[PDB]
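Colleague: Encoded as structure tokens, here's the structure I'll be asking about.
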Amino acid sequence: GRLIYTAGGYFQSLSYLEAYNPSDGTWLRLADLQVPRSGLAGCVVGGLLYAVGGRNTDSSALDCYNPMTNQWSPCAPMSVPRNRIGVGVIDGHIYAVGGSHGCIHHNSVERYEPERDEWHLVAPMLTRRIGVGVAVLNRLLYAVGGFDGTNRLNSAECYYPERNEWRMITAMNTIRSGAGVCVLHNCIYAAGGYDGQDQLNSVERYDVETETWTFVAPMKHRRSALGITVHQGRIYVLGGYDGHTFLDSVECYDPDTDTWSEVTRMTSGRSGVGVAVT
Ligand SMILES: COc1ccc(S(=O)(=O)N(CC(N)=O)c2ccc(N(CC(N)=O)S(=O)(=O)c3ccc(NC(=O)CCN4CCC5(CCOC5)CC4)cc3)c3ccccc23)cc1
């Protein structure tokens with residue numbers, strides 16, 4: 001019985017930590033973040049949930065939530081504040097990628113070792129990316145889309161840990177900042193985001209076997225700054241801003257039928273959440 005955890009968000013920055021159970025449709029309210037945050041990222045390592053970066057105002061904080069105790073614990077902060085951050089996990093380490101600090105649009109990347117509570121800088125990305133989506137497939141880390149400070153991006157790049165090097169991959173078919181990015185079945189999905197003119201409902205995926213991006217069925221709601229995760233073989237998108245409204249909608253993508261459906265609503269509409277499953 002794994003749960004979808006949503007941490008933080010915006011409607012000011014929010015402290016909520018809530019867990020959705022897709023099997024019975026219930027939402028459970030859990031211990032608040034010590035410091036409210038939007039534009040943060042969530043991830044899980046060793047069954048512990050981590051909330052990373054965001055804006056409280058730009059945040060360098062890392063905090064760890066233990067589902068077994070229902071408690072948060074502070075961790076070592078990052079080298080720099082990272083609002084609009086993306087995060088990925090490889091080999092039990094958290095990678096914090098991109099984000100912004102005031103006028104700084106980061107290309108820097110750093111890695112956290114939970115066992116010794118230590119961050120270390122690694123190679124910076126080829127492109128500065130705030131509002132970047134991050135996913136990990138076969139122990140490679142992908143940074144997708146974002147905004148470089150001048151141009152909104154359809155480009156994507158891949159980090160090779162054994163070599164501490166970034167390489168551009170095929171660009172998406174759509175410019176997206178603030179997209180939800182995840183991995184399902186050897187494919188990197190990019191859902192929603194902002195193309196510089198509108199929030200998006202389109203969804204595309206990158207097949208590592210073909211090196212090509214292909215559109216799948218669109219979401220019912222346009223959304224940027226959405227939470228996203230995979231649970232029991234399906235993609236879930238949580239909240240976001242549609243250009244007008246802070247959404248409470250949670251949609252769920254079934255890949256076998258290429259269909260989206262509305263499965264629940266968050267307890268209050270919000271954007272800029274961090275999401276993980278454990
Ligand atoms: C004022 O309203 C909001 C919206 C979001 C949040 S927030 O909490 O989520 N947040 C705060 C933080 N700094 O922490 C983040 C902010 C930005 C983020 N993007 C920037 C990035 N990726 O670089 S974005 O998503 O691409 C984005 C980009 C542009 C907008 N412009 C508008 O909508 C203006 C409205 N106009 C109305 C008319 C239309 C035209 C057609 O119909 C709609 C177009 C749009 C919005 C989002 C966040 C990304 C990830 C995570 C968080 C992001 C708070 C308040």
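Every chain in the structure tokens takes a letter, A first, then B, and so on in the order presented; its residues are numbered from 1, and the ligands are numbered from 1 following the presented order.
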Each residue of chain A with at least one atom at most 6 Å from ligand 1 should appear once, together with its nearest atom pair and the corresponding distance in Å (one decimal); atoms considered: only C-alpha atoms and all ligand atoms; ordering: chain, then increasing residue number; output as a Markdown table.

Modeller:
```
| residue | atom | partner | partner_atom_place_in_ligand_line | distance |
| --- | --- | --- | --- | --- |
| A:9 | CA | ligand 1 | 8 (O) | 5.7 |
| A:10 | CA | ligand 1 | 8 (O) | 4.2 |
| A:38 | CA | ligand 1 | 14 (O) | 4.4 |
| A:39 | CA | ligand 1 | 14 (O) | 3.8 |
| A:54 | CA | ligand 1 | 14 (O) | 5.7 |
| A:55 | CA | ligand 1 | 14 (O) | 4.9 |
| A:83 | CA | ligand 1 | 14 (O) | 5.9 |
| A:84 | CA | ligand 1 | 51 (C) | 4.7 |
| A:130 | CA | ligand 1 | 23 (O) | 4.8 |
| A:131 | CA | ligand 1 | 22 (N) | 3.2 |
| A:146 | CA | ligand 1 | 22 (N) | 5.4 |
| A:147 | CA | ligand 1 | 23 (O) | 5.0 |
| A:177 | CA | ligand 1 | 22 (N) | 4.0 |
| A:178 | CA | ligand 1 | 22 (N) | 3.6 |
| A:193 | CA | ligand 1 | 26 (O) | 5.5 |
| A:194 | CA | ligand 1 | 26 (O) | 4.6 |
| A:197 | CA | ligand 1 | 44 (C) | 5.7 |
| A:198 | CA | ligand 1 | 41 (C) | 4.4 |
| A:224 | CA | ligand 1 | 25 (O) | 4.2 |
| A:225 | CA | ligand 1 | 50 (C) | 4.1 |
| A:241 | CA | ligand 1 | 4 (C) | 5.7 |
| A:243 | CA | ligand 1 | 43 (C) | 3.8 |
| A:271 | CA | ligand 1 | 9 (O) | 4.2 |
| A:272 | CA | ligand 1 | 9 (O) | 3.4 |
```

Colleague: Got time to write the residues from that selection, C-alpha atoms, as a PDB file, in the first residue's frame?

Modeller:
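Dumped to part02.pdb:
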```pdb
ATOM      1  CA  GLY A   9       2.726  24.200  -2.939  1.00  0.00           C
ATOM      2  CA  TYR A  10       1.329  27.669  -3.530  1.00  0.00           C
ATOM      3  CA  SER A  38       6.482  26.192  -3.305  1.00  0.00           C
ATOM      4  CA  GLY A  39       8.600  25.460  -6.337  1.00  0.00           C
ATOM      5  CA  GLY A  54      11.785  26.017  -3.435  1.00  0.00           C
ATOM      6  CA  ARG A  55      10.636  29.373  -2.113  1.00  0.00           C
ATOM      7  CA  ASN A  83      13.677  27.818  -6.452  1.00  0.00           C
ATOM      8  CA  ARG A  84      11.884  26.031  -9.348  1.00  0.00           C
ATOM      9  CA  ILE A 130      14.878  26.876 -13.981  1.00  0.00           C
ATOM     10  CA  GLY A 131      11.521  25.206 -13.891  1.00  0.00           C
ATOM     11  CA  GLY A 146      12.885  24.926 -18.351  1.00  0.00           C
ATOM     12  CA  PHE A 147      13.822  28.568 -18.774  1.00  0.00           C
ATOM     13  CA  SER A 177       9.004  25.205 -18.573  1.00  0.00           C
ATOM     14  CA  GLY A 178       7.285  24.079 -15.411  1.00  0.00           C
ATOM     15  CA  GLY A 193       4.153  23.205 -18.685  1.00  0.00           C
ATOM     16  CA  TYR A 194       4.301  26.642 -20.244  1.00  0.00           C
ATOM     17  CA  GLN A 197       2.399  31.857 -24.569  1.00  0.00           C
ATOM     18  CA  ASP A 198       0.073  29.395 -22.787  1.00  0.00           C
ATOM     19  CA  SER A 224       2.102  24.314 -15.387  1.00  0.00           C
ATOM     20  CA  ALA A 225       3.966  23.862 -12.123  1.00  0.00           C
ATOM     21  CA  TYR A 241      -1.786  26.574 -12.398  1.00  0.00           C
ATOM     22  CA  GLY A 243      -3.158  30.195 -16.415  1.00  0.00           C
ATOM     23  CA  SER A 271       0.625  24.732  -7.734  1.00  0.00           C
ATOM     24  CA  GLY A 272       4.344  24.204  -7.357  1.00  0.00           C
TER      25      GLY A 272
END
```

Colleague: For residue 102 of chain A, list every protein, DNA or RNA residue within 10 Å, evaluated using only C-alpha atoms, and leave out those in the same chain fewer than 4 positions away; present the list as a list in words.

Modeller: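 Skipping anything fewer than 4 positions along the chain leaves residues 57, 58, 81, 82 and 83 of chain A.
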
Colleague: Restricted to N, CA, C and O atoms, what would the selected residues look like written as an mmCIF file, in the first residue's frame?

Modeller:
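File written: part.cif
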```
data_model
loop_
_atom_site.group_PDB
_atom_site.id
_atom_site.type_symbol
_atom_site.label_atom_id
_atom_site.label_comp_id
_atom_site.auth_asym_id
_atom_site.auth_seq_id
_atom_site.Cartn_x
_atom_site.Cartn_y
_atom_site.Cartn_z
ATOM 1 N N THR A 57 13.840 34.744 -0.075
ATOM 2 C CA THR A 57 12.810 33.684 -0.126
ATOM 3 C C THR A 57 13.272 32.429 -0.863
ATOM 4 O O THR A 57 12.664 31.393 -0.597
ATOM 5 N N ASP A 58 14.308 32.483 -1.725
ATOM 6 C CA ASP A 58 14.684 31.215 -2.327
ATOM 7 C C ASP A 58 15.331 30.312 -1.289
ATOM 8 O O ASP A 58 16.091 30.768 -0.426
ATOM 9 N N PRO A 81 20.658 28.492 -2.887
ATOM 10 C CA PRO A 81 19.198 28.375 -2.990
ATOM 11 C C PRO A 81 18.808 27.974 -4.400
ATOM 12 O O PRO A 81 19.411 28.421 -5.385
ATOM 13 N N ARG A 82 17.754 27.144 -4.494
ATOM 14 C CA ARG A 82 17.234 26.674 -5.790
ATOM 15 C C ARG A 82 15.706 26.674 -5.745
ATOM 16 O O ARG A 82 15.089 25.694 -5.328
ATOM 17 N N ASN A 83 15.109 27.772 -6.184
ATOM 18 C CA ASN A 83 13.677 27.818 -6.452
ATOM 19 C C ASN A 83 13.416 27.219 -7.829
ATOM 20 O O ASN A 83 14.247 27.308 -8.733
#
```

Colleague: Suppose you want the space between atom CA of residue 277 of chain A and atom CA of residue 52 of chain A; what is it in Å?

Modeller: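 Computing it gives 15.1 Å between the two atoms.
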
Colleague: Excluding same-chain residues fewer than 6 positions from residue 270 of chain A, what lies within 12 Å of it counting only C-alpha atoms, as number ranges by chain?

Modeller: A: 6-16, 37-39, 223-227, 238-242, 244-250

Colleague: Give the helix (DSSP H, G or I) residues of segment 85-246 of chain A, as assigned by DSSP on the backbone, as a PyMOL selection string.

Modeller: chain A and resi 114-116+161-163

Colleague: May I have the residues within 7 Å of segment 107-123 of chain A as a PyMOL selection string, using only C-alpha atoms and disregarding those fewer than 3 positions away in the same chain?

Modeller: chain A and resi 75-76+78+93-98+127-129+164-165

Colleague: Residues of segment 64-277 of chain A classed as strand (DSSP E) by DSSP on the backbone are to be reported as a PyMOL selection string.

Modeller: chain A and resi 64-66+71-74+86-90+93-97+100-101+104-105+109-113+118-122+133-137+140-144+156-160+165-169+180-184+187-191+203-207+212-215+227-231+234-238+249-254+259-265+274-277

Colleague: Given the choices A:88, A:74, A:192, A:145, which gets closest to residue 219 of chain A if the distance is worked out from only C-alpha atoms?

Modeller: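 Under the stated criterion, the closest residue is A:192.
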
Colleague: So which residues touch segment 62-72 of chain A within 9 Å, counting only C-alpha atoms, skipping near sequence neighbours fewer than 5 positions away, as a list in words?

Modeller: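 The residues satisfying every condition are residues 30, 31, 32, 33, 34, 47, 48, 49, 50, 51, 52, 53, 77, 78 and 278 of chain A.
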
Colleague: Write the residues of the selection above to a file with C-alpha atoms, as a PDB file, in the first residue's frame.

Modeller:
```pdb
ATOM      1  CA  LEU A  30       0.401  14.496   7.834  1.00  0.00           C
ATOM      2  CA  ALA A  31       2.934  16.663   9.672  1.00  0.00           C
ATOM      3  CA  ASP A  32       3.394  20.139   8.141  1.00  0.00           C
ATOM      4  CA  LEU A  33       6.653  21.184   6.586  1.00  0.00           C
ATOM      5  CA  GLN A  34       8.673  23.116   9.140  1.00  0.00           C
ATOM      6  CA  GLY A  47      11.712   4.850   2.198  1.00  0.00           C
ATOM      7  CA  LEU A  48      12.231   8.426   3.438  1.00  0.00           C
ATOM      8  CA  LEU A  49      10.674  11.421   1.693  1.00  0.00           C
ATOM      9  CA  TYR A  50      12.804  14.473   0.990  1.00  0.00           C
ATOM     10  CA  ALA A  51      11.639  18.015   0.224  1.00  0.00           C
ATOM     11  CA  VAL A  52      14.252  20.064  -1.664  1.00  0.00           C
ATOM     12  CA  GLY A  53      14.647  23.757  -2.428  1.00  0.00           C
ATOM     13  CA  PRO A  77      21.430  22.663   3.024  1.00  0.00           C
ATOM     14  CA  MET A  78      22.506  22.847  -0.582  1.00  0.00           C
ATOM     15  CA  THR A 278       6.626   5.399  -1.001  1.00  0.00           C
TER      16      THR A 278
END
```

Colleague: Counting only C-alpha atoms, figure out which residue out of A:232, A:184, A:87, A:160 gets nearest to residue 43 of chain A.

Modeller: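 Looking only at the distances to residue 43 of chain A, the closest residue turns out to be A:87.
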
Colleague: Please, what distance in Å, to one decimal, runs between atom CA of residue 17 of chain A and atom CA of residue 61 of chain A?

Modeller: 16.2 Å

Colleague: Could you tell me how far atom CA of residue 215 of chain A sits from atom CA of residue 259 of chain A, in Å to one decimal place?

Modeller: 12.4 Å

Colleague: Tell me which protein, DNA and RNA residues are within 7 Å of residue 205 of chain A, counting only C-alpha atoms, leaving out same-chain ones fewer than 6 positions away, and put them as a PyMOL selection string.

Modeller: chain A and resi 187-190+213-215

Colleague: Which residue gives the smallest distance to residue 209 of chain A among A:104, A:186, A:134, A:44, with only C-alpha atoms counted?

Modeller: A:186
